[PDB]
Amino acid sequence: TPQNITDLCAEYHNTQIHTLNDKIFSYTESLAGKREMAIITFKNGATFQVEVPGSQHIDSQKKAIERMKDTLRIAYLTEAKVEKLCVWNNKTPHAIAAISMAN
Amino acid sequence: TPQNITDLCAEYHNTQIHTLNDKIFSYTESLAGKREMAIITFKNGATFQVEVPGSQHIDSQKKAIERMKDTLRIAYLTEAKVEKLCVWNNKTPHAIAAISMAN
Amino acid sequence: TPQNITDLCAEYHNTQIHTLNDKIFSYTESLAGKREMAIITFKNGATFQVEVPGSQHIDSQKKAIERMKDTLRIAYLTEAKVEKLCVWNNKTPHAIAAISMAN
Amino acid sequence: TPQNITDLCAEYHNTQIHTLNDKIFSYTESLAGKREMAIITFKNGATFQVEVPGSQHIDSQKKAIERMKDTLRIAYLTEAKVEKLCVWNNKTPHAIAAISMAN
Amino acid sequence: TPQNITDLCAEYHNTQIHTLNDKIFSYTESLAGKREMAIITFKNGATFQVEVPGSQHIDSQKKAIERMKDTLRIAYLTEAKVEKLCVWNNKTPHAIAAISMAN
Ligand SMILES: CC(=O)N[C@H]1[C@H]([C@H](O)[C@H](O)CO)O[C@](C(=O)O)(n2cc(CCC(=O)NCC[C@@H]3O[C@H](CO)[C@H](O)[C@H](O)[C@H]3O)nn2)C[C@@H]1O
Ligand SMILES: CC(=O)N[C@H]1[C@H]([C@H](O)[C@H](O)CO)O[C@](C(=O)O)(n2cc(CCC(=O)NCC[C@@H]3O[C@H](CO)[C@H](O)[C@H](O)[C@H]3O)nn2)C[C@@H]1O
Ligand SMILES: CC(=O)N[C@H]1[C@H]([C@H](O)[C@H](O)CO)O[C@](C(=O)O)(n2cc(CCC(=O)NCC[C@@H]3O[C@H](CO)[C@H](O)[C@H](O)[C@H]3O)nn2)C[C@@H]1O
Ligand SMILES: CC(=O)N[C@H]1[C@H]([C@H](O)[C@H](O)CO)O[C@](C(=O)O)(n2cc(CCC(=O)NCC[C@@H]3O[C@H](CO)[C@H](O)[C@H](O)[C@H]3O)nn2)C[C@@H]1O
Ligand SMILES: CC(=O)N[C@H]1[C@H]([C@H](O)[C@H](O)CO)O[C@](C(=O)O)(n2cc(CCC(=O)NCC[C@@H]3O[C@H](CO)[C@H](O)[C@H](O)[C@H]3O)nn2)C[C@@H]1O
Ligand SMILES: [Ca+2]
Ligand SMILES: [Ca+2]
Ligand SMILES: [Ca+2]
């Protein structure tokens, strides 16, 4: 088990770390069918998604996908600094795998 | 997958974008049977619903419909500026498909 | 579909609207068996419940009854003005069907 | 159905009201097996638990037990004044049945 | 039943109490498959995990694992002082069993 997001990120293929050190600029959420997902942006336009649950996900990720969306919404509303995101870069928007926040 | 609420909204029939750039003026919620829903309004009078779950919804939307009502409650209480809504315009009130929030 | 709490409330037998325009004075909730409920009061004396779930309720209302208790707790803690309540008046305390909040 | 926490407390055996009129001093929660529970204390030393769900509880209490842990956490973090607790006094620490909160 | 975290912690094999008396320095959470977890650090460099749900865990712990992650996230965002952690020391990072918070 990893001790930090950078290390956890590197346990997967098709990942990269984005270092933001900034609050979220915009939070978007959708309940439209086949687009049950969230999208966030930062002030420079970099855009990220929490993917729609799909075949690529294993069952244990389902709860976690819901929690991440909970996280992003509260982070946005509290203007919390996001340190890093670990993302899969084989999707557009890059798909969030993990988030770190630090003051 | 879309990168933003406008493009997402364009993936569906019977939808349009409202551009509000304003906080929620009122939040209403009901537990009355066949009316388990939320309704919001803006100061310009525009009124939107989170629809009662119905036969038009697919199963993957049920959790996202609960999430949206969570989101609208917290956005209301935090006076968060709603940027745009993507809504179905074949329902009265217009039915929320997606929301975007930015400063 | 109604557009506001007053019209929604009138879709049911045994309901009325109370107009508070005040924050919640006290919040009470219970885990005791057969009294899994919430009770709120206002400074004017008015007291309301969220009913214990029972067979008077259809299944779709179960989640909304939970949500309503969430809403009342957070509105209490945030000192949010409650505008109106739709209640059933064939219970004592009057049973909450819907709430509206506005500045 | 009762109108207040004292009357509700009186519908059960082995209970009493404690009047705190104070915020919670400490919040403790555990995920260890067989000790899935919450413990709070007040500055006067008084200590209370939300019991581990057990065979004494009826199905309808399960969700209310989770909700009470939620309520205690948020009451702690927001330094909400706890007015009264209804507890069962045949457990040690005394076990929370109900809570009231007021300015 | 125990009345505080130290005594609770002592009812299990392979645990220890860490005393932090400090806010959380960073919160990380992951939805990557097999790494559905949270990791927190403090400014003293100490690092702790909420374990991925696993076969070691009994059924009653699953809800409490989710609750813990909720607790850590909101502790972080409110800059709540963490008093103590009870951890299992047979995992790297040490795995959270229980948390106490006090001003
Ligand atoms: C910590 C750990 O177990 N890491 C392993 C992961 C992991 O088991 C799977 O990602 C969990 O589903 O599986 C890795 C990986 O890099 O993802 N893996 C996966 C596979 C074949 C199946 C596969 O690619 N699953 C990942 C799909 C990806 O799912 C992602 C979401 O979880 C994203 O949607 C991404 O865009 C998609 O490519 N072969 N190796 C190997 C890596 O060592
Ligand atoms: C991104 C994507 O998958 N978009 C597609 C959507 C989508 O698959 C469905 O809406 C998901 O249920 O289905 C589309 C759509 O526009 O909704 N679709 C669906 C259909 C036939 C069935 C249909 O109209 N289902 C949606 C009914 C609408 O449900 C909405 C709620 O989700 C609202 O209640 C709206 O008022 C109602 O008309 N014809 N086209 C085509 C579009 O390309
Ligand atoms: C918008 C809508 O569908 N409104 C209709 C409602 C509604 O279908 C049911 O209340 C939902 O269960 O059912 C109405 C109603 O007024 O409640 N209805 C239902 C009935 C027969 C059964 C009945 O009275 N169910 C409601 C019981 C009430 O449940 C309420 C909780 O939901 C309260 O506990 C109230 O104290 C209790 O009397 N007769 N009229 C007719 C109304 O037009
Ligand atoms: C409003 C209401 O229905 N009140 C009744 C309650 C109630 O039905 C049960 O407590 C719900 O499970 O059941 C009462 C009660 O006082 O608890 N009751 C129940 C019984 C036999 C079974 C019994 O004692 N159940 C309660 C056990 C208590 O559970 C509590 C958790 O809910 C605590 O853990 C407590 O320490 C324990 O003694 N005898 N009286 C009588 C009371 O009038
Ligand atoms: C209050 C109480 O019931 N305490 C008892 C606990 C408890 O029943 C179990 O931990 C609940 O799963 O079980 C104890 C314990 O110390 O864990 N126990 C359990 C066992 C054999 C099975 C066992 O080791 N289960 C715990 C494994 C641990 O699970 C933990 C998560 O819950 C951690 O992942 C930890 O790293 C791992 O070693 N031997 N003693 C004895 C202790 O008296
Ligand atoms: Ca700070
Ligand atoms: Ca204001
Ligand atoms: Ca205000």
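Some points to look at:
- Descending semi-axes in Å of the protein assembly as shown, equivalent ellipsoid built from Cα gyration tensor: 34, 34, 19
- Taken one residue at a time, the phi angles of the range D:67-73 give Karplus couplings (6.51, -1.76, 1.60, θ = phi - 60°) of 4, 5, 4, 4, 5, 5, 5 Hz. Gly and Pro are set to x.
- Shortest-first distances to equivalent copies, position B:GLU79, nm, label 7 Å out along Cβ: 1.3, 1.3, 2.1, 2.1
- Other protein chain C-beta atoms within 10 Å of residue C-beta, averaged over A:33-42: 6.
- Based on C-alpha pairs under 8 angstrom that are at least 6 apart in sequence, chain C has a relative contact order of 34 percent.
- Note on chain C: with charges restricted to the Cβ of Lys and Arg (+1) and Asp and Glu (-1), its dipole about the Cα centre is near 220 debye.
- With a 10 Å cut-off around each Cβ of D:49-61, the average count of Cβ atoms from other chains is 3.
- Entries in A:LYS23/A:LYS91; C:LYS23/E:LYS63; B:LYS43/C:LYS69; A:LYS63/D:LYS34; C:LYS43/D:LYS62; D:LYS62/E:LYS91 that, when Cα-Cα distance is taken, lie over 29 Å: C:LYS23/E:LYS63; C:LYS43/D:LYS62; D:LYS62/E:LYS91
- For D:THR78, no residue has an amide H sitting under 5 Å from its own, ignoring neighbours fewer than 5 places away on the same chain, with H placed 1.01 Å from N.
- Peptide A:21-27 has a mean shielding of 3, counted as Cβ atoms of other protein chains within 10 Å of each residue's Cβ.
- Free-standing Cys, the protein assembly as shown [no other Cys Cβ under 4.7 Å]: none
- Positive contributions from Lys and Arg (+1) and negative ones from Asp and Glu (-1), summed over other residues with Cβ under 12 Å from the Cβ of C:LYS69, come out at -2.
- Within-14-Å neighbourhood charge of A:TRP88 [Cβ basis; K, R +1; D, E -1]: 0
- Helix-only CD estimate at 222 nm, as mean residue ellipticity for the protein assembly as shown, using -39500 (n - 2.57) per DSSP H run (n ≥ 4): -7000 deg cm²/dmol
Cβ atoms come from the backbone with ideal geometry, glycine included; neighbour counts cover every protein chain shown. We did not get these values from a lab; they are worked out from the coordinates using the rules stated.
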